[PDB]
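Student:
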Amino acid sequence: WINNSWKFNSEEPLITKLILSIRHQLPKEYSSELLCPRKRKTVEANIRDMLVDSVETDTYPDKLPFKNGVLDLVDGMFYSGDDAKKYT
Amino acid sequence: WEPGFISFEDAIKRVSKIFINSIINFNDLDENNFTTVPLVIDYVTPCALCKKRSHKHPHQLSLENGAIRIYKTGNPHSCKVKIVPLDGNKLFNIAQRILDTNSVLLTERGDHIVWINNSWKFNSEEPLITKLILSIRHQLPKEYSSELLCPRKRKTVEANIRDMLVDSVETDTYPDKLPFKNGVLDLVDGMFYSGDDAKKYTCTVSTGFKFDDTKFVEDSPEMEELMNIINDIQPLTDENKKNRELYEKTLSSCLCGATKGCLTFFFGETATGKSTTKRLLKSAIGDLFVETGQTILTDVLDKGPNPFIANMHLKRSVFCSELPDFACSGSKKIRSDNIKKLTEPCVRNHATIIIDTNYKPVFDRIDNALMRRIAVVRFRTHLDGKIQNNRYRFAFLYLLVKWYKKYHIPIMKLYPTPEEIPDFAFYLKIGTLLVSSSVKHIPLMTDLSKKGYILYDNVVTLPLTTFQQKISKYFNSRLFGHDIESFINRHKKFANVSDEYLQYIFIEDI
Amino acid sequence: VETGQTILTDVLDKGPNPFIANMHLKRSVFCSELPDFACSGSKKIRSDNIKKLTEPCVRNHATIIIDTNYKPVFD
Amino acid sequence: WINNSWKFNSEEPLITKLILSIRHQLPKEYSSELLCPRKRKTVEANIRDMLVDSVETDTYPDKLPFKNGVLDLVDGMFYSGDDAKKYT
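Line by line, the protein sequences are chains A, H, F and E. The opening position of the first sequence corresponds to residue 350 in the UniProt record's numbering, with each subsequent residue numbered one higher. Residue numbering for the second sequence is 236 to 582, 595 to 629, 655 to 782, as defined by the UniProt record's numbering. Residue numbering for the third sequence is 525 to 582, 595 to 611, as defined by the UniProt record's numbering. The opening position of the fourth sequence corresponds to residue 350 in the UniProt record's numbering, with each subsequent residue numbered one higher.
Encoded structure:
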């Protein structure tokens, strides 16, 4: 989930890009640790080892996706940014 | 405090970790008063710096050469001095500085485009980012240059750079640019960019030769000698106005990079100056111009991997044929199945197709869809080594650019010409003579009853004999037998074994 | 996505069709604007292809609408 | 360019052999460190990065190449050894 969208790739990984982009939200003493690619690879390995349960994508049939958000057909409300993260 | 340094509170944290003994006034230091306020150390344990019990004078810190120096006031020699560097991961700063120049970009397809030697270079197997890192050492500050010599550090910077490109851009967007080996030229403004000024336009192709402004002048003996042939083939006469307009419009569409599939026909007698333009096209555009024959027309593009189809991408103009028609007996006729896909924007295609032929050909398959793909311009009125020597390289660029700036400004629209499309005049005439049955013709039974019309499946129908007797009076079978024989079987409907009907009514009755 | 009668005429199983692989998650696909097929010289509709379109597995979510001036003829 | 001849190679590395052969021509202090394979690989990695421009081979149409040199036809002299290096 980068740039307010879900991205899919099988050859160029994006977990390292996500780790690089998350630095600001982490506590300050944690941010400076992610500048070295070796540490980013270690964190990526930990994350990969820590995912064991799978989830299904494109489940809700009554949602209208958009470049900057999603639209609810039933209620006519627009959800943008983090509010659209739940709908995969 | 400088942005190149590590963050302030991190420096305070490491300074705290130096001193085992707890600090009393640790919260009173900010980014503006650290060098002034002396540090108050509650020496529960002996001084961590020099192991003596307590100091008569408090310690103090200062920032010299991007490093925090820990020293004791009063007599500094009674306590040992520590140094704490403040620079953070110099390689990341180098990656920041390199990326700020917009020299490397993501091409949206999974590769990377690198700006080296005044060009954008594609590559999929050999690394080009490292070459860029080695080349940009001079633009970077002095202290950053020495690190970029070790291959391991260059690999680290490449790894850092690869992780900060999360946005994709599209290449070859502007369709009004002429690429060149040493820059890019603008059609609408007639000025040449070179070097870094051309970096904003992401052109991945070039004509293969440099641009010379010395030859590009208003008047020269060479262009004066050339313009005579062009003026002779099409004289500037009032009766030759629409033909000259079509001729000017069809040539100057080659420079435009718009995606379009409207074909044009060069019809005229042989050895009438038509053949002179084919060499000037190659001498003008150069690499982007590619000549080919009818092999594309005949061979099926879908069947098998066609290298020509894979390699025609990013080609401004493609000359369809160079040899006279094979429309006579013993050769494969013109098939329209291949001409449908070349008009579509995606196969991405960018070529302009022009066919020159001395005689009108015949099409095996025909419908109404061909009006949007066929246009013709005809010649009415009436050495080789010089062109190969690139003698007239600019004399034809000037003609094309002057035509483009004269008329090719508003839009790239080619009006098709049905004036003399072969084996189409009879079909166009019969289009206005035959109309299909519809709801609007149903309430006309008062007028159609005398014609013998019968309503089958709520459709007005006509047997073949009446159409044949009412259609043979207008034309002789001797000259138009082919079209009528090929058309009869196309639109025959059988109500039963014995009933054959056509759902078409000639308008001349009303 | 808009397309024509080629998918209707051609059998999807015969040969590799990239478009059939790329139809995945396409909400609406306009099928064709084809004219009458009762006229001579036009191949009839292959009824094998329409059977698998209804099946959920090719995931599919496309809605197919066929626009014709007059009624065609099946085989 | 090894043994007075230009050679292609697509699978086996030839740059390392070139370095080992050129070892003698370098200054004396530089001859010792070329014996370690790791240093030779580092030098190869360095030299692969400074070649950004490309050249074309077999461009002169009036030469007869030989095993021990190249013969010029328009005038009639033989170039052997280093003299034939300029003609690819």
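A virtual CB, placed ideally from N, CA and C, is assigned to each residue, including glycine.
Could you pull the DSSP bridge partners for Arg625(H) from this structure?
Tutor: In the second sequence, counting from the first residue as 1, residue 625(H) sits at position 378. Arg625(H) pairs with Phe502(H).
Student: Check for me: the alpha helix (DSSP H) holding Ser251(H) runs from which residue to which?
Tutor: Position 16 of the second sequence holds residue 251(H). Note, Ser251(H): alpha helix (DSSP H), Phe243 to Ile253.
Student: What residues from chain H crowd round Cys563(F), counting only those whose CB sits closer than 7 angstroms?
Tutor: Working through the third sequence from its first residue, we reach residue 563(F) at position 39. The answer, in chain order, is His763 and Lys765.
Student: Would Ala246(H) count as contacting chain A if we go by Cβ distances under 7 angstroms?
Tutor: Translated into the one-based positions of the second sequence, residue 246(H) becomes position 11. Answer no: the Cβ-Cβ gap between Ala246(H) and chain A never drops below 7 angstroms.
Student: In three-state terms, what does DSSP make of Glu299(H)?
Tutor: Within the second sequence, the letter at position 64 stands for residue 299(H). Looking at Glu299(H) - three-state DSSP - the assignment turns out to be strand.
Student: Listing by chain order, which chain H residues have their CB less than 7 angstroms from the CB of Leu384(A)?
Tutor: Reading the first sequence from its first residue, position 35 is the one you call residue 384(A). Neighbours of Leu384(A) on chain H, chain order: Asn324 and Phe327.
Student: For the alpha helix (DSSP H) that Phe543(H) lies in, which residues bound it at each end?
Tutor: As a working note, residue 543(H) is residue 308 in the second sequence. Element bounds for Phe543(H): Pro542 to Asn546.
Student: Where does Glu378(H) land, buried or exposed, given buried means 16+ other C-beta within 10 angstroms?
Tutor: Indexing the second sequence from 1 puts residue 378(H) at position 143. So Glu378(H) counts as exposed.
Student: Under 7 angstroms, do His763(H) and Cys555(F) count as touching if we go by C-beta distance?
Tutor: As a position in the second sequence, residue 763(H) is number 491, starting the count at 1. As a position in the third sequence, residue 555(F) is number 31, starting the count at 1. Cβ atoms of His763(H) and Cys555(F): not closer than 7 angstroms.
Student: Are there three or more Cβ pairs, one per stretch, closer than 8 angstroms when the stretch 532 to 548 of chain F is compared with the stretch 568 to 577 of chain F?
Tutor: Taking 8 angstroms as the limit for Cβ pairs, the verdict is that the stretch 568 to 577 of chain F does touch the stretch 532 to 548 of chain F.
Student: Taking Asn395(A) as the query, report the chain H residues whose CB atoms sit under 8 angstroms from its CB, ordered along the chain.
Tutor: Position 46 of the first sequence, counting from 1, holds the residue named residue 395(A). Neighbours of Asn395(A) on chain H: none; closest Cβ ~17 angstroms, over 8 angstroms.
Student: Along the chain, where does the alpha helix (DSSP H) that runs through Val582(F) open and close?
Tutor: Here residue 582(F) refers to the residue found at position 58 of the third sequence. Segment: none, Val582(F) is in no alpha helix (DSSP H) and carries neither H nor E.
Student: Taking the DSSP output, what are the residues bridged to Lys317(H)?
Tutor: Your numbering for residue 317(H) matches position 82 in the second sequence. Looking at the DSSP assignment, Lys317(H) forms a beta bridge with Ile305(H).
Student: Using only the alpha-carbon positions, how far apart do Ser770(H) and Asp572(F) sit?
Tutor: Mapped onto the second sequence, residue 770(H) falls at position 498. Mapped onto the third sequence, residue 572(F) falls at position 48. Near 32 angstroms, if we compare the C-alpha coordinates of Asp572(F) and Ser770(H).
Student: Can you list, in chain order, the residues of its chain with a C-beta nearer than 6 angstroms to that of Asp560(H)? Leave out the 5 residues immediately preceding and following it.
Tutor: Within the second sequence, numbered from 1, the residue matching residue 560(H) stands at position 325. Here the set comprises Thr604, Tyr606 and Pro608.
Student: Just to confirm the assignment: which complete alpha helix (DSSP H) runs, minimum length 4, are found wholly within the stretch 346 to 417 of chain H?
Tutor: List check, alpha helix (DSSP H) in window: 364 to 370 and 386 to 398.
Student: When the Cα atoms are used, what is the spatial distance from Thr270(H) to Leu298(H)?
Tutor: On the second sequence, residue 270(H) is found 35 positions in, with the first residue counted as 1. On the second sequence, residue 298(H) is found 63 positions in, with the first residue counted as 1. Cα-Cα distance, rounded: 7 angstroms.
Student: Under DSSP, the alpha helix (DSSP H) around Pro456(H) begins and ends at which residues?
Tutor: Taking the second sequence and counting its residues from 1, the one referred to as residue 456(H) is at position 221. Taken as a continuous stretch (DSSP letters only), the alpha helix (DSSP H) holding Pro456(H) covers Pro456 to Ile468.
Student: Could you check if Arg397(A) is buried or exposed, using at least 16 other CB atoms within 10 Å of its CB as the buried criterion?
Tutor: Position 48 of the first sequence, counted from the start, is the residue given in the question as residue 397(A). It is exposed - the Cβ of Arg397(A) has fewer than 16 other Cβ atoms within 10 Å.
Student: Using a C-beta to C-beta distance shorter than 8 angstroms, which residues of chain B count as neighbours of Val401(E)?
Tutor: No chain B is part of this structure, whose protein chains are labelled A, H, F and E.
Student: Along the chain, where does the beta strand (DSSP E) containing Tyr679(H) start, and where does it finish?
Tutor: One-based indexing of the second sequence puts residue 679(H) at position 407. No beta strand (DSSP E) holds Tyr679(H); the alpha helix (DSSP H) holding it covers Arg665 to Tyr679.
Student: Could you check whether the stretch 363 to 378 of chain A touches the stretch 244 to 260 of chain H, counting it as contact only if at least three pairs of C-beta atoms, one from each stretch, sit closer than 8 angstroms?
Tutor: Touching, per the Cβ criterion.
Student: From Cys314(H) to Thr280(H), what does the alpha carbon distance come to, in whole angstroms?
Tutor: The residue you call residue 314(H) lines up with position 79 of the second sequence. The residue you call residue 280(H) lines up with position 45 of the second sequence. Between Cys314(H) and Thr280(H), the C-alpha separation is close to 15 angstroms.
Student: Quick one: using the 10 Å Cβ neighbour count with 16 as the cut-off for buried, is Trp355(H) buried or exposed?
Tutor: Position 120 of the second sequence, counted from the start, is the residue given in the question as residue 355(H). Counting Cβ neighbours within 10 Å, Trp355(H) comes out buried, since at least 16 surround it.
Student: Quick one: what's got a C-beta closer than 7 angstroms to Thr391(H)'s C-beta in the same chain, skipping five residues either side?
Tutor: On the second sequence, position 156 is the one that residue 391(H) refers to. Correct list, in chain order: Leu326.
Student: Please state if the CB of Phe698(H) and the CB of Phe752(H) are separated by a distance shorter than 7 angstroms.
Tutor: Position 480 of the second sequence holds residue 752(H). Position 426 of the second sequence holds residue 698(H). Yes, Cβ-Cβ distance for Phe752(H) and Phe698(H) is below 7 angstroms.
Student: With C-beta atoms as the reference, is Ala622(H) less than 7 angstroms away from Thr499(H)?
Tutor: What you label residue 622(H) is simply residue 375 of the second sequence in a count that begins at 1. What you label residue 499(H) is simply residue 264 of the second sequence in a count that begins at 1. Cβ distance < 7 angstroms, so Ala622(H) and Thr499(H) count as in contact.
Student: Taking just the CA atoms, how far does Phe626(H) sit from residue 198(H)?
Tutor: Residue 198(H) lies beyond the residue range present for chain H, which begins at 236 and ends at 782; the question has no answer from this structure.
Student: Quick one: what's got a C-beta closer than 7 angstroms to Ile777(H)'s C-beta in the same chain, skipping five residues either side?
Tutor: Taking the second sequence and counting its residues from 1, the one referred to as residue 777(H) is at position 505. Taken in chain order, the residues that qualify are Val707, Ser709, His713, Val732 and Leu734.
Student: Buried or exposed for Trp350(H), please, with buried defined as at least 16 other CB atoms from any protein chain shown within 10 angstroms of its CB.
Tutor: In the second sequence, the residue the question calls residue 350(H) occupies position 115. Label assigned to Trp350(H): buried.
Student: Output the distance between the C-alpha atoms of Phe357(A) and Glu237(H), rounded to the nearest integer angstrom.
Tutor: Numbered from 1 along the first sequence, position 8 holds the residue referred to as residue 357(A). Numbered from 1 along the second sequence, position 2 holds the residue referred to as residue 237(H). C-alpha separation (whole angstroms): 39 angstroms.
Student: So for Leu420(E), helix, strand or coil by DSSP?
Tutor: Taking the fourth sequence and counting its residues from 1, one reaches residue 420(E) at position 71. Of the three classes helix, strand and coil, the one that applies to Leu420(E) here is strand, per DSSP.
Student: Please classify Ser721(H) as buried or exposed, where buried requires at least 16 other C-beta atoms within 10 Å of its C-beta.
Tutor: Here residue 721(H) refers to the residue found at position 449 when the second sequence is read from its first residue. By the neighbour-count rule (16 or more Cβ atoms within 10 Å), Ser721(H) is not buried but exposed.
Student: Excluding the 5 residues flanking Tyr773(H) on each side, which residues of the same chain have their C-beta closer than 7 angstroms to its C-beta?
Tutor: Position 501 of the second sequence, counted from the start, is the residue given in the question as residue 773(H). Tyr728, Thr733, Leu734, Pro735, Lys765 and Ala767, listed in sequence order.
Student: Given a threshold of 16 other Cβ atoms within 10 Å of its Cβ, counted over all protein chains shown, does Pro386(A) qualify as buried or as exposed?
Tutor: Counting from one through the first sequence, the residue named residue 386(A) turns up at place 37. The residue is buried, with at least 16 neighbouring Cβ atoms inside 10 Å.
Student: Taking Cβ positions, are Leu383(H) and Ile368(H) nearer each other than 7 angstroms?
Tutor: The residue labelled residue 383(H) in the question sits at position 148 within the second sequence. The residue labelled residue 368(H) in the question sits at position 133 within the second sequence. Contact flag set, yes.
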